[PDB]
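These notes concern the structure reproduced below.
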Amino acid sequence: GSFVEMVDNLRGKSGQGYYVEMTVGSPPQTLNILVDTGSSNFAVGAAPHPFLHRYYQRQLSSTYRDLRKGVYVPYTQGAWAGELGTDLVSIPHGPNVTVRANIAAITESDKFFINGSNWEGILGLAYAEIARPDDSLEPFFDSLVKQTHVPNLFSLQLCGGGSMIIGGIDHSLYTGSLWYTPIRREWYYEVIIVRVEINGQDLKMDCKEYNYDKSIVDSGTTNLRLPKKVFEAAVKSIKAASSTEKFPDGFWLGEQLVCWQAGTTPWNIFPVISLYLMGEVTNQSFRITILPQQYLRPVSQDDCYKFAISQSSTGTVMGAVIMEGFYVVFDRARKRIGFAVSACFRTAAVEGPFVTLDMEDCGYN
Ligand SMILES: C[C@@H]1CCc2cccc(c2)C[C@@](C)(N)C(=O)OCc2cc(nc(N(C)S(C)(=O)=O)c2)CC1
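Taken in order, the sequence shown gives residues 45P, 46P, 47P, 48P, 1 to 156, 171 to 309, 315 to 359, 365 to 385; the numbers are from the entry's author numbering.
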């Protein structure tokens, strides 16, 4: 494959984030940067912190330009404050280009950096609409596309480290066909879920509930996060389908873990979950099917697991444990996201087409 040099350019895991090396400034300062499709700011630790191995030293970069404006970014989890500027940025195991990008130098933070995660900054790959301080601060990928001929597309294979292929699709990273769902709105990577099944049994909720108040794809969130009403129905259904064994109720709430003798985890007793996504043709959908190996996240002779489906008050979030099944293509150029079975008794699947009527009615307005 022509994209071979980008294969395996990611390290990390679902619980702590996946990261890529990025080289900033002149002379080069290389840092580990969280790959985040749920936000739109590029920002790096720029001062000592207990959880940081290295940080950006602006004074040592001759190409750094201070924008003389501060920025504050609150996330679903954590927040940071810093100073805005621009500097030269390249991705050594990514595209063969160097761009002048906005960069926020993080000087203070709260509950953001994670001990032992090995990343020192964040690459927000979503759109300008959700950038801070506002949509005038051009996100990194926008600068990349504006300043270079790199195609307006990237793809993520999260294993399952992983691969971020920038500017194309690497056919070695998936099997079968790619199936595409429209990007509903260019802010988050917003999609539309049209049906949910647990072991082939329809959850039978009004599809508007699945997307209230939005459904997004976020590589920087661990879990499948669901609106409360959906979470409740899904857990009731999963519990019923896995009755071969009994689990404490707090397990389903993430307040308890269960551990099995290494190699004895009874995967076969847990159901598969299918999420149907709106397709590219009228009344057409496809499904991605999620295994217990995905939604039971590993945390001696015992293997401990946390239930990785949880509640949200801000809509559905298809996080890393969902993406780990799949090669996911963020086709910005054609405003669509593709899913295929990742090259990394049951298997994760992407299947279609299905006939689903009134799919337009599933989205929040
Ligand atoms: C991979 C994550 C680490 C990287 C990370 C930390 C903190 C913020 C972000 C990204 C940015 C953004 C935009 N991704 C964000 O705000 O995610 C919400 C989030 C993160 C995390 N857990 C969340 N959940 C509460 S859970 C356990 O249900 O998956 C939600 C921590 C794991």
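Just so it is clear, CB atoms sit at the ideal spot from N, CA and C, and this is done for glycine as well.
Could you compute how far the alpha carbon of residue i sits from the alpha carbon of residue j?
{"i": "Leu27", "j": "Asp381", "result": "44 Å"}
{"i": "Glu1", "j": "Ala250", "result": "46 Å"}
{"i": "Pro302", "j": "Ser252", "result": "11 Å"}
{"i": "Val370", "j": "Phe354", "result": "7 Å"}
{"i": "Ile176", "j": "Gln304", "result": "25 Å"}
{"i": "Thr94", "j": "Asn221", "result": "38 Å"}
{"i": "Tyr15", "j": "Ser295", "result": "32 Å"}
{"i": "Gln211", "j": "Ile283", "result": "9 Å"}
{"i": "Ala100", "j": "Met379", "result": "40 Å"}
{"i": "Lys214", "j": "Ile226", "result": "21 Å"}
{"i": "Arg61", "j": "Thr185", "result": "45 Å"}
{"i": "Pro192", "j": "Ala348", "result": "12 Å"}
{"i": "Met338", "j": "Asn278", "result": "21 Å"}
{"i": "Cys155", "j": "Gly340", "result": "8 Å"}
{"i": "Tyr198", "j": "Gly260", "result": "31 Å"}
{"i": "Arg235", "j": "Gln55", "result": "41 Å"}
{"i": "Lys238", "j": "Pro308", "result": "24 Å"}
{"i": "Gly21", "j": "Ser58", "result": "7 Å"}
{"i": "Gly273", "j": "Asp180", "result": "33 Å"}
Are there any heavy atoms of ligand 1 lying less than 7 Å away from the beta-carbon of residue i, as far as the coordinates show?
{"i": "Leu30", "result": "yes"}
{"i": "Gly34", "result": "yes"}
{"i": "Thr329", "result": "no"}
{"i": "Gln73", "result": "yes"}
{"i": "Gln304", "result": "no"}
{"i": "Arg235", "result": "yes"}
{"i": "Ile202", "result": "no"}
{"i": "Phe345", "result": "no"}
{"i": "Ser325", "result": "yes"}
{"i": "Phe261", "result": "no"}
{"i": "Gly13", "result": "yes"}
{"i": "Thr231", "result": "yes"}
{"i": "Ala335", "result": "yes"}
{"i": "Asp106", "result": "no"}
{"i": "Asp223", "result": "no"}
{"i": "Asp228", "result": "yes"}
{"i": "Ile248", "result": "no"}
{"i": "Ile126", "result": "no"}
Of the choices the options, whose alpha-carbon is the least far from that of residue i?
{"i": "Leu183", "options": "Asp378, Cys359, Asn385", "result": "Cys359"}
{"i": "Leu84", "options": "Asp317, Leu140, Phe374, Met288", "result": "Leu140"}
{"i": "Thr376", "options": "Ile202, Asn111, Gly34, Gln143", "result": "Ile202"}
{"i": "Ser315", "options": "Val336, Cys269, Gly171, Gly330", "result": "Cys269"}
{"i": "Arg128", "options": "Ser22, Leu63, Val69", "result": "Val69"}
{"i": "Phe257", "options": "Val240, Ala243, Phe241, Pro276", "result": "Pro276"}
{"i": "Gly172", "options": "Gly90, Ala244, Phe108, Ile110", "result": "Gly90"}
{"i": "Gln271", "options": "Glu255, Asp317, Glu265, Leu287", "result": "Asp317"}
{"i": "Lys350", "options": "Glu116, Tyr123, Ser113", "result": "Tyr123"}
{"i": "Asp138", "options": "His181, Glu196, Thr254", "result": "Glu196"}
{"i": "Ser46P", "options": "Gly330, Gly383, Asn92", "result": "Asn92"}
{"i": "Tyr320", "options": "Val336, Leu30, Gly330", "result": "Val336"}
Heavy atom of ligand 2 less than 7 Å from the Cβ of residue i, yes or no?
{"i": "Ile298", "result": "Inclusion of ligand 2 in the displayed structure is not the case, the ligand content consisting of ligand 1 alone."}
Just checking, does the region 140 to 151 make contact with the region 333 to 344 on the three C-beta pairs under 8 Å criterion?
-> With a cut-off of 8 Å on Cβ pairs, the region 140 to 151 is in contact with the region 333 to 344, counting three or more such pairs.
Counting pairs of beta carbons, one from the region 134 to 143 and one from the region 41 to 55, are three or more of them closer than 8 Å?
-> With a cut-off of 8 Å, the region 41 to 55 and the region 134 to 143 do not count as touching, because too few Cβ pairs lie within range.
Taking three-plus beta-carbon pairs below 8 Å as touching, is the region 69 to 78 in contact with the region 7 to 19?
-> As far as the Cβ criterion goes, the region 69 to 78 does not touch the region 7 to 19, which means the pair count is below three.
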